[PDB]
$ cat coords04.cif   # mmCIF, C-alpha atoms and all ligand atoms
data_upload
loop_
_atom_site.label_atom_id
_atom_site.label_comp_id
_atom_site.auth_asym_id
_atom_site.auth_seq_id
_atom_site.Cartn_x
_atom_site.Cartn_y
_atom_site.Cartn_z
CA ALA A 2678 20.31 -30.97 -119.07
CA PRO A 2679 21.77 -27.53 -118.18
CA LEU A 2680 20.90 -24.31 -120.04
CA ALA A 2681 24.55 -23.21 -120.04
CA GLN A 2682 27.80 -25.17 -120.37
CA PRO A 2683 28.79 -26.54 -116.94
CA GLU A 2684 31.16 -24.43 -114.85
CA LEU A 2685 34.32 -26.44 -114.22
CA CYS A 2686 35.96 -26.42 -110.80
CA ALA A 2687 39.64 -25.84 -110.08
CA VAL A 2688 41.97 -28.83 -110.39
CA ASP A 2689 44.06 -30.49 -107.66
CA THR A 2690 47.67 -31.37 -108.53
CA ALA A 2691 48.79 -34.51 -106.67
CA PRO A 2692 52.18 -33.80 -105.01
CA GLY A 2693 53.34 -37.41 -104.73
CA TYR A 2694 55.04 -38.89 -101.63
CA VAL A 2695 58.33 -38.41 -99.80
CA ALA A 2696 60.54 -41.52 -99.84
CA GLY A 2697 61.77 -42.83 -96.50
CA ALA A 2698 59.55 -40.60 -94.38
CA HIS A 2699 56.55 -41.30 -92.17
CA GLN A 2700 53.46 -39.25 -91.29
CA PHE A 2701 52.19 -39.59 -87.72
CA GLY A 2702 49.21 -38.13 -85.87
CA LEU A 2703 46.60 -39.80 -88.11
CA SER A 2704 45.24 -41.40 -84.93
CA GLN A 2705 46.08 -40.55 -81.31
CA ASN A 2706 48.23 -43.71 -81.30
CA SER A 2707 50.08 -43.63 -84.62
CA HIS A 2708 53.64 -44.81 -83.94
CA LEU A 2709 56.63 -47.00 -84.81
CA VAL A 2710 58.45 -49.17 -82.26
CA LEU A 2711 62.11 -49.32 -83.25
CA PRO A 2712 64.81 -51.66 -81.88
CA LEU A 2713 67.92 -50.19 -80.23
CA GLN A 2714 70.81 -52.65 -80.55
CA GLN A 2715 74.21 -50.98 -80.73
CA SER A 2716 73.42 -47.94 -78.61
CA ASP A 2717 74.62 -47.67 -75.01
CA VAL A 2718 72.56 -44.74 -73.71
CA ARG A 2719 73.42 -45.13 -70.02
CA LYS A 2720 75.89 -42.23 -70.04
CA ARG A 2721 74.97 -40.61 -73.33
CA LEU A 2722 71.82 -40.12 -75.41
CA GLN A 2723 72.11 -38.11 -78.62
CA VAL A 2724 69.16 -38.12 -80.99
CA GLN A 2725 69.04 -36.34 -84.33
CA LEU A 2726 66.00 -36.25 -86.62
CA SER A 2727 64.22 -34.07 -89.18
CA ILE A 2728 60.63 -32.94 -88.70
CA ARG A 2729 57.93 -31.04 -90.58
CA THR A 2730 54.63 -30.01 -88.95
CA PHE A 2731 51.78 -27.50 -88.54
CA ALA A 2732 50.70 -28.97 -85.18
CA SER A 2733 50.85 -27.34 -81.77
CA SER A 2734 51.40 -30.46 -79.64
CA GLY A 2735 52.46 -34.10 -79.65
CA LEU A 2736 54.96 -36.76 -78.52
CA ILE A 2737 57.93 -37.17 -80.88
CA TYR A 2738 59.95 -39.95 -79.17
CA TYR A 2739 60.02 -41.90 -75.91
CA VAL A 2740 62.28 -44.48 -74.21
CA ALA A 2741 61.86 -45.89 -70.71
CA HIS A 2742 62.68 -48.56 -68.19
CA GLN A 2743 60.19 -51.39 -67.82
CA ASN A 2744 59.12 -49.94 -64.46
CA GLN A 2745 59.23 -46.42 -65.93
CA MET A 2746 61.52 -45.12 -63.17
CA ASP A 2747 63.98 -44.08 -65.89
CA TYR A 2748 62.90 -42.32 -69.10
CA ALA A 2749 63.68 -39.79 -71.83
CA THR A 2750 61.24 -37.98 -74.12
CA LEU A 2751 60.89 -35.17 -76.67
CA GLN A 2752 57.47 -33.51 -76.88
CA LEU A 2753 56.02 -30.52 -78.72
CA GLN A 2754 53.84 -28.09 -76.75
CA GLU A 2755 52.33 -24.79 -77.85
CA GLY A 2756 54.42 -25.13 -80.99
CA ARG A 2757 57.72 -25.46 -79.11
CA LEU A 2758 60.10 -28.28 -78.14
CA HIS A 2759 60.72 -29.75 -74.67
CA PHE A 2760 63.34 -32.43 -73.89
CA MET A 2761 63.32 -34.19 -70.52
CA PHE A 2762 64.64 -37.33 -68.83
CA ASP A 2763 64.97 -38.89 -65.37
CA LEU A 2764 67.95 -41.09 -64.49
CA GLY A 2765 66.14 -42.57 -61.49
CA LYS A 2766 66.38 -39.86 -58.82
CA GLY A 2767 65.22 -36.62 -60.42
CA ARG A 2768 64.10 -35.00 -63.66
CA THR A 2769 66.17 -32.74 -65.91
CA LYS A 2770 64.36 -30.54 -68.45
CA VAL A 2771 65.48 -28.44 -71.42
CA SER A 2772 63.42 -26.14 -73.66
CA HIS A 2773 64.12 -24.39 -76.95
CA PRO A 2774 62.60 -21.09 -78.24
CA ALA A 2775 62.33 -22.07 -81.92
CA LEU A 2776 58.78 -22.13 -83.28
CA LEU A 2777 58.49 -25.34 -85.34
CA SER A 2778 54.89 -25.29 -86.60
CA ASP A 2779 55.61 -23.54 -89.94
CA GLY A 2780 55.29 -26.56 -92.22
CA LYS A 2781 58.94 -26.43 -93.26
CA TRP A 2782 61.58 -29.09 -92.58
CA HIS A 2783 63.69 -28.64 -89.45
CA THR A 2784 66.62 -30.61 -88.04
CA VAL A 2785 66.41 -31.38 -84.32
CA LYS A 2786 68.97 -32.70 -81.88
CA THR A 2787 68.57 -33.62 -78.20
CA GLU A 2788 71.63 -34.40 -76.13
CA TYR A 2789 72.24 -35.86 -72.70
CA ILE A 2790 75.96 -36.37 -72.14
CA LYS A 2791 77.86 -36.78 -68.87
CA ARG A 2792 76.38 -34.24 -66.45
CA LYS A 2793 74.92 -31.84 -69.01
CA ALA A 2794 71.96 -31.72 -71.42
CA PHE A 2795 71.01 -29.42 -74.30
CA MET A 2796 68.95 -29.03 -77.49
CA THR A 2797 69.62 -27.84 -81.03
CA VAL A 2798 67.18 -26.78 -83.75
CA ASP A 2799 68.44 -25.92 -87.23
CA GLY A 2800 71.95 -25.50 -85.83
CA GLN A 2801 71.02 -23.04 -83.08
CA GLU A 2802 72.20 -24.61 -79.81
CA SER A 2803 70.49 -23.79 -76.50
CA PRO A 2804 72.44 -23.20 -73.29
CA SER A 2805 73.24 -26.35 -71.30
CA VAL A 2806 71.44 -27.53 -68.18
CA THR A 2807 72.98 -29.48 -65.30
CA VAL A 2808 71.80 -33.05 -64.83
CA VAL A 2809 69.57 -33.27 -61.75
CA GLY A 2810 69.82 -36.00 -59.15
CA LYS A 2811 72.45 -38.37 -57.82
CA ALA A 2812 71.71 -41.23 -60.23
CA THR A 2813 74.28 -41.52 -63.02
CA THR A 2814 72.72 -43.77 -65.65
CA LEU A 2815 69.75 -43.71 -68.03
CA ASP A 2816 68.53 -47.30 -67.76
CA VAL A 2817 65.80 -48.08 -70.30
CA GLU A 2818 64.42 -50.89 -72.48
CA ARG A 2819 66.13 -51.51 -75.83
CA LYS A 2820 63.22 -49.90 -77.72
CA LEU A 2821 62.39 -46.40 -78.93
CA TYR A 2822 58.82 -45.26 -79.59
CA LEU A 2823 58.68 -42.80 -82.51
CA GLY A 2824 55.85 -40.37 -83.24
CA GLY A 2825 53.52 -41.71 -80.56
CA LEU A 2826 52.77 -44.63 -78.23
CA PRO A 2827 50.84 -47.93 -78.49
CA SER A 2828 47.17 -47.81 -77.44
CA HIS A 2829 47.78 -50.29 -74.61
CA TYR A 2830 50.69 -48.33 -73.09
CA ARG A 2831 50.23 -46.02 -70.07
CA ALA A 2832 53.18 -43.61 -69.90
CA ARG A 2833 53.74 -42.14 -66.43
CA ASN A 2834 55.32 -38.84 -65.37
CA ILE A 2835 55.70 -37.14 -68.77
CA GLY A 2836 52.54 -35.04 -68.54
CA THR A 2837 49.41 -35.06 -70.69
CA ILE A 2838 51.18 -34.73 -74.06
CA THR A 2839 51.18 -38.45 -74.79
CA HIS A 2840 49.16 -38.41 -78.03
CA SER A 2841 50.77 -38.88 -81.46
CA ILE A 2842 52.42 -35.84 -83.08
CA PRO A 2843 50.71 -34.77 -86.36
CA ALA A 2844 53.91 -34.51 -88.39
CA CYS A 2845 56.17 -36.10 -90.98
CA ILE A 2846 59.45 -37.50 -89.67
CA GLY A 2847 62.42 -38.42 -91.82
CA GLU A 2848 65.50 -40.35 -90.77
CA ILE A 2849 66.56 -40.57 -87.12
CA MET A 2850 69.95 -41.25 -85.53
CA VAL A 2851 70.81 -42.38 -82.00
CA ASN A 2852 74.43 -41.99 -80.83
CA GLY A 2853 75.71 -41.70 -84.40
CA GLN A 2854 73.75 -44.66 -85.79
CA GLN A 2855 70.90 -44.30 -88.28
CA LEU A 2856 67.91 -46.42 -87.21
CA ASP A 2857 66.23 -48.59 -89.86
CA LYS A 2858 62.69 -47.20 -89.78
CA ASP A 2859 61.80 -49.71 -92.49
CA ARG A 2860 62.17 -52.59 -90.04
CA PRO A 2861 60.03 -51.70 -86.98
CA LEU A 2862 59.24 -54.21 -84.23
CA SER A 2863 55.60 -53.14 -84.41
CA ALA A 2864 53.52 -50.17 -85.54
CA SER A 2865 50.05 -48.70 -85.78
CA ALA A 2866 48.25 -46.27 -88.09
CA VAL A 2867 51.22 -44.76 -89.91
CA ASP A 2868 51.08 -43.36 -93.47
CA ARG A 2869 53.18 -41.52 -96.08
CA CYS A 2870 53.94 -37.80 -96.29
CA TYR A 2871 53.00 -35.57 -99.22
CA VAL A 2872 56.01 -33.95 -100.93
CA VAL A 2873 54.16 -30.68 -100.32
CA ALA A 2874 51.55 -30.19 -97.58
CA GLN A 2875 49.42 -27.45 -96.02
CA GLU A 2876 47.64 -27.20 -92.67
CA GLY A 2877 44.50 -29.35 -92.66
CA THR A 2878 42.83 -32.75 -92.88
CA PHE A 2879 42.36 -34.51 -96.23
CA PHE A 2880 39.05 -36.21 -97.10
CA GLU A 2881 39.38 -38.39 -100.24
CA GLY A 2882 35.64 -38.53 -100.97
CA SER A 2883 34.92 -42.13 -99.95
CA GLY A 2884 34.07 -42.03 -96.26
CA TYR A 2885 33.78 -39.96 -93.07
CA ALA A 2886 35.07 -39.31 -89.55
CA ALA A 2887 32.88 -39.83 -86.45
CA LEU A 2888 33.60 -38.03 -83.15
CA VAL A 2889 32.22 -38.01 -79.58
CA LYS A 2890 30.99 -41.58 -79.21
CA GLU A 2891 29.35 -40.76 -75.86
CA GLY A 2892 27.09 -38.28 -77.65
CA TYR A 2893 26.86 -34.53 -78.20
CA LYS A 2894 23.87 -32.40 -77.15
CA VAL A 2895 23.24 -29.38 -79.37
CA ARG A 2896 20.43 -28.00 -77.19
CA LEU A 2897 19.61 -24.30 -77.63
CA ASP A 2898 22.86 -22.56 -78.57
CA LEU A 2899 25.87 -23.75 -80.54
CA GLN A 2900 28.37 -22.00 -82.81
CA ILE A 2901 30.20 -23.98 -85.50
CA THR A 2902 33.23 -22.53 -87.29
CA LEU A 2903 35.60 -24.09 -89.82
CA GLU A 2904 37.61 -23.51 -92.98
CA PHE A 2905 37.35 -25.69 -96.06
CA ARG A 2906 38.84 -26.05 -99.54
CA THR A 2907 37.47 -28.27 -102.29
CA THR A 2908 37.32 -28.85 -106.04
CA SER A 2909 33.95 -30.65 -105.91
CA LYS A 2910 30.41 -29.25 -106.06
CA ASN A 2911 28.78 -31.66 -103.61
CA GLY A 2912 29.82 -32.85 -100.17
CA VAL A 2913 28.56 -33.30 -96.64
CA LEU A 2914 30.50 -31.30 -94.05
CA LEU A 2915 28.89 -32.05 -90.69
CA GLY A 2916 25.87 -33.71 -89.10
CA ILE A 2917 24.61 -34.44 -85.58
CA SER A 2918 21.33 -36.35 -85.45
CA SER A 2919 19.08 -38.31 -83.11
CA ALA A 2920 17.50 -41.52 -84.41
CA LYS A 2921 14.23 -39.56 -84.34
CA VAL A 2922 13.65 -35.95 -85.44
CA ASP A 2923 15.92 -33.43 -83.65
CA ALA A 2924 19.08 -32.76 -85.70
CA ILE A 2925 21.39 -30.25 -87.41
CA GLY A 2926 23.40 -30.45 -90.64
CA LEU A 2927 25.93 -28.54 -92.76
CA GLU A 2928 26.49 -29.51 -96.41
CA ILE A 2929 27.54 -28.32 -99.86
CA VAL A 2930 24.97 -29.08 -102.57
CA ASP A 2931 25.45 -27.85 -106.15
CA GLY A 2932 27.90 -25.13 -105.15
CA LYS A 2933 25.77 -23.78 -102.30
CA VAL A 2934 26.16 -24.16 -98.54
CA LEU A 2935 23.12 -25.28 -96.54
CA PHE A 2936 22.65 -25.17 -92.77
CA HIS A 2937 19.62 -27.23 -91.66
CA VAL A 2938 18.17 -27.33 -88.16
CA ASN A 2939 15.21 -29.21 -86.69
CA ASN A 2940 14.04 -28.59 -83.12
CA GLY A 2941 11.18 -31.06 -83.43
CA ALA A 2942 8.76 -28.85 -85.37
CA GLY A 2943 10.20 -29.20 -88.87
CA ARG A 2944 13.34 -28.39 -90.85
CA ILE A 2945 14.59 -24.79 -90.82
CA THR A 2946 17.12 -23.97 -93.57
CA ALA A 2947 19.60 -21.14 -94.18
CA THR A 2948 21.01 -21.16 -97.73
CA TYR A 2949 24.14 -19.42 -99.04
CA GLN A 2950 24.57 -19.09 -102.80
CA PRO A 2951 27.68 -17.35 -104.21
CA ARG A 2952 27.67 -15.07 -107.27
CA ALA A 2953 29.43 -17.74 -109.32
CA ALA A 2954 28.44 -21.42 -109.27
CA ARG A 2955 32.07 -22.57 -109.14
CA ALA A 2956 33.12 -19.89 -106.64
CA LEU A 2957 33.40 -22.31 -103.71
CA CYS A 2958 35.11 -25.15 -105.59
CA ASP A 2959 38.05 -22.94 -106.58
CA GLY A 2960 40.51 -24.89 -104.44
CA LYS A 2961 41.11 -21.94 -102.12
CA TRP A 2962 40.19 -21.68 -98.44
CA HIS A 2963 36.80 -20.34 -97.33
CA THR A 2964 35.65 -19.50 -93.83
CA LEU A 2965 32.33 -20.80 -92.56
CA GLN A 2966 30.29 -19.80 -89.51
CA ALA A 2967 26.97 -21.37 -88.52
CA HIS A 2968 25.32 -20.11 -85.34
CA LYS A 2969 22.27 -21.67 -83.71
CA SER A 2970 20.49 -19.69 -80.99
CA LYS A 2971 17.02 -19.75 -79.36
CA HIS A 2972 14.81 -18.79 -82.31
CA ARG A 2973 17.61 -17.94 -84.73
CA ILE A 2974 19.82 -19.63 -87.33
CA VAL A 2975 22.72 -17.76 -88.94
CA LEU A 2976 25.03 -19.00 -91.72
CA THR A 2977 28.07 -16.94 -92.68
CA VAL A 2978 30.40 -17.81 -95.57
CA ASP A 2979 33.43 -15.63 -96.32
CA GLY A 2980 31.79 -12.88 -94.27
CA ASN A 2981 28.43 -13.12 -96.05
CA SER A 2982 25.55 -13.82 -93.65
CA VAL A 2983 22.13 -15.38 -94.25
CA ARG A 2984 19.62 -16.15 -91.51
CA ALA A 2985 16.18 -17.54 -90.71
CA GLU A 2986 14.00 -16.95 -87.65
CA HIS A 2991 8.30 -22.97 -81.96
CA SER A 2992 10.50 -25.49 -80.12
CA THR A 2993 14.06 -24.17 -79.74
CA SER A 2994 16.14 -27.08 -78.43
CA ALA A 2995 17.83 -29.51 -80.81
CA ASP A 2996 17.78 -32.46 -78.47
CA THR A 2997 20.57 -34.53 -79.96
CA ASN A 2998 22.67 -36.95 -77.93
CA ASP A 2999 24.68 -38.51 -80.72
CA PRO A 3000 28.11 -38.57 -82.42
CA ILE A 3001 29.35 -35.82 -84.71
CA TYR A 3002 29.79 -37.04 -88.29
CA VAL A 3003 32.33 -35.12 -90.35
CA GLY A 3004 32.67 -35.22 -94.12
CA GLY A 3005 29.92 -37.81 -94.64
CA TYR A 3006 28.18 -40.77 -92.98
CA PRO A 3007 27.42 -44.49 -93.52
CA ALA A 3008 24.02 -45.68 -94.83
CA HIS A 3009 22.89 -47.23 -91.54
CA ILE A 3010 23.21 -43.87 -89.73
CA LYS A 3011 20.25 -41.48 -89.78
CA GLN A 3012 20.93 -37.80 -90.45
CA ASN A 3013 17.57 -36.06 -90.24
CA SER A 3014 18.99 -32.64 -91.12
CA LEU A 3015 21.08 -33.54 -94.18
CA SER A 3016 19.60 -33.88 -97.68
CA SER A 3017 22.84 -35.17 -99.20
CA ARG A 3018 24.72 -38.42 -98.64
CA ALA A 3019 27.81 -37.56 -100.74
CA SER A 3020 31.17 -37.73 -98.93
CA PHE A 3021 33.25 -34.51 -98.96
CA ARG A 3022 36.50 -34.36 -100.98
CA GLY A 3023 39.07 -31.71 -100.05
CA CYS A 3024 40.47 -30.43 -96.74
CA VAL A 3025 39.00 -28.96 -93.55
CA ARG A 3026 40.93 -26.97 -90.91
CA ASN A 3027 40.26 -25.20 -87.60
CA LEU A 3028 37.02 -27.04 -86.83
CA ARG A 3029 35.56 -25.65 -83.60
CA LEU A 3030 32.33 -25.59 -81.59
CA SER A 3031 31.26 -22.69 -79.37
CA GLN A 3035 33.23 -21.04 -74.59
CA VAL A 3036 35.17 -22.51 -77.51
CA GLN A 3037 36.15 -26.10 -78.30
CA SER A 3038 38.17 -27.29 -81.29
CA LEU A 3039 37.58 -30.78 -82.67
CA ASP A 3040 40.64 -32.96 -83.22
CA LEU A 3041 39.88 -35.42 -86.02
CA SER A 3042 42.76 -37.67 -84.90
CA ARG A 3043 40.46 -38.68 -82.01
CA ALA A 3044 37.72 -40.09 -84.24
CA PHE A 3045 36.39 -43.45 -83.01
CA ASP A 3046 35.41 -44.47 -86.56
CA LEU A 3047 37.44 -43.19 -89.52
CA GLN A 3048 37.17 -44.08 -93.23
CA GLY A 3049 38.92 -42.36 -96.13
CA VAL A 3050 40.00 -39.44 -93.92
CA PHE A 3051 43.56 -38.45 -92.98
CA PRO A 3052 43.62 -36.05 -89.99
CA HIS A 3053 46.20 -33.27 -90.13
CA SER A 3054 47.59 -34.43 -93.48
CA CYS A 3055 46.47 -32.29 -96.46
CA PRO A 3056 48.26 -32.29 -99.88
CA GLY A 3057 49.40 -29.44 -102.10
CA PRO A 3058 50.81 -25.97 -101.33
CA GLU A 3059 48.68 -23.15 -99.97
CL CL B 1 11.58 -28.39 -76.32
MG MG B 2 69.15 -44.93 -63.79
MG MG B 3 13.31 -31.88 -78.85
#
$ encode --input "coords04.cif" --output "structure tokens" --more "lines below"
Ligand SMILES: [Cl-]
Ligand SMILES: [Mg+2]
Ligand SMILES: [Mg+2]
Amino acid sequence: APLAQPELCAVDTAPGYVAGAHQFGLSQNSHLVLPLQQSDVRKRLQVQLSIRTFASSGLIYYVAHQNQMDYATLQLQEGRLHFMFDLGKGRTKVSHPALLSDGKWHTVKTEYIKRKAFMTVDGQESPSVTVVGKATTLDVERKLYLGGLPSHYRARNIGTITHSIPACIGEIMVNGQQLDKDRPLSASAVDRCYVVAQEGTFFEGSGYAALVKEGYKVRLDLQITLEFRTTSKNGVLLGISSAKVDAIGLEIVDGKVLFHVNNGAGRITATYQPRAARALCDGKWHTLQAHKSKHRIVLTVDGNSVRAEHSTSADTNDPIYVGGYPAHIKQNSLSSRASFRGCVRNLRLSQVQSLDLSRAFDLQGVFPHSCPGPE
């Protein structure tokens, strides 16, 4: 029974979904395996597709011989496109300057024809490159992998960018023919695209994402930074806990942000309370910094800091739970059990390390890299 009428939070407007489009990158192996029947790519491979993304890296498409001696692939790296193939006796590579990670739709074309190869993005064609090697044919299996690769597949000689691209892909054509993406040979972890999206990972409020199955050790010093947006007053953000006492936690309870830490001598808590109760559930992005050092704990929200200052090591050796946690998992430094609802972006631990939610080993009600609504 509150003394004043409750302060309502902002409201989220569902954008709906794009018809005939697929969102990849939800897991490191999200993909579609599409049949190639009428295409003869031996002397010519022209692929045209539309893409929308905020990501910096990922595999967009791949085709290869059973022995992998012949192949062709399109990958994104540092926000830019790279097209390469090997006809059996040498690799040819083409790059394009266009920056694609702006969240807007782009048309892309990759072309290998005769003894030349080139790329086109939004109509801007790159200079041609001469096919390398003596071989004259691209000999590959009658199958194209779109948006990523199967978990059991081991792609050779295409570098380390073999994870699924966090992006929405529309229709795709090969040598003038539109492929029926609705009739894939097989697939894994694919979903729909929001009509309008913004950079981030959506948490529907029902589950969580668990990372680092081998265990993470907080120890003495650790810096956690992230950005979040939400229209709810309660929600767990992050927790790393031993099955005993040592643990750390970050959560939103009744409009306030709490950073708990326990080095084996009791819970230490830094609390941030905004001027307005509904300030943080306004649907806009907020920055969050939580630094743990020897005998110091500092929580900073939107530039506002709050700290608290005899064991000093948080001896954890467990997974990192994001956005919530299941009942059978102990979280000694979290008072709440409520799953977060909203989006989180730029999650990093510091010597910096950013956490990629698409790598979660256990995921429930969370959609990495896919966040609805405009920014
Ligand atoms: Cl100790
Ligand atoms: Mg060949
Ligand atoms: Mg200890």
$ residues_near_ligand --input "coords04.cif" --ligand "ligand CL 1 (chain B)" --cutoff "12 Å" --atoms "all atoms listed in the file" --output "ChimeraX atom specification"
/A:2896-2897,2923,2939-2942,2971-2972,2991-2997
$ closest_atom_pairs --input "coords04.cif" --of "chain A" --to "ligand MG 2 (chain B)" --cutoff "8 Å" --atoms "all atoms listed in the file" --output "tab-separated table"
residue	atom	partner	partner_atom	distance
A:2719	CA	B:MG2	MG	7.6
A:2746	CA	B:MG2	MG	7.7
A:2747	CA	B:MG2	MG	5.6
A:2763	CA	B:MG2	MG	7.5
A:2764	CA	B:MG2	MG	4.1
A:2765	CA	B:MG2	MG	4.5
A:2766	CA	B:MG2	MG	7.6
A:2812	CA	B:MG2	MG	5.7
A:2813	CA	B:MG2	MG	6.2
A:2814	CA	B:MG2	MG	4.2
A:2815	CA	B:MG2	MG	4.5
A:2816	CA	B:MG2	MG	4.7
A:2817	CA	B:MG2	MG	8.0
$ residues_around --input "coords04.cif" --residues "residue A:2861" --least-positions-apart "6" --cutoff "12 Å" --atoms "only C-alpha atoms" --output "list in words"
residues 2708, 2709, 2710, 2711, 2712, 2713, 2820, 2821, 2822, 2823 and 2867 of chain A
$ closest_residue --input "coords04.cif" --among "A:2835, A:2736, A:3010, A:2920" --to "ligand MG 3 (chain B)" --atoms "all atoms listed in the file"
A:2920
$ residues_near_point --input "coords04.cif" --point "(42.9, -40.0, -83.4)" --cutoff "7 Å" --atoms "all atoms listed in the file" --output "ChimeraX atom specification"
/A:2703-2706,3041-3044
$ residues_around --input "coords04.cif" --residues "residue A:2801" --least-positions-apart "6" --cutoff "10 Å" --atoms "all atoms listed in the file" --output "list in words"
residues 2773, 2774, 2775, 2785 and 2786 of chain A
$ atom_distance --input "coords04.cif" --atom1 "atom CA of residue A:2938" --atom2 "atom CA of residue A:2922"
10.1 Å
$ axis_aligned_box --input "coords04.cif" --around "stretch 2857-2874 of chain A" --padding-each-side "6 Å" --output "AutoDock Vina command-line options"
--center_x 57.2 --center_y -42.2 --center_z -92.6 --size_x 30.0 --size_y 36.0 --size_z 28.7
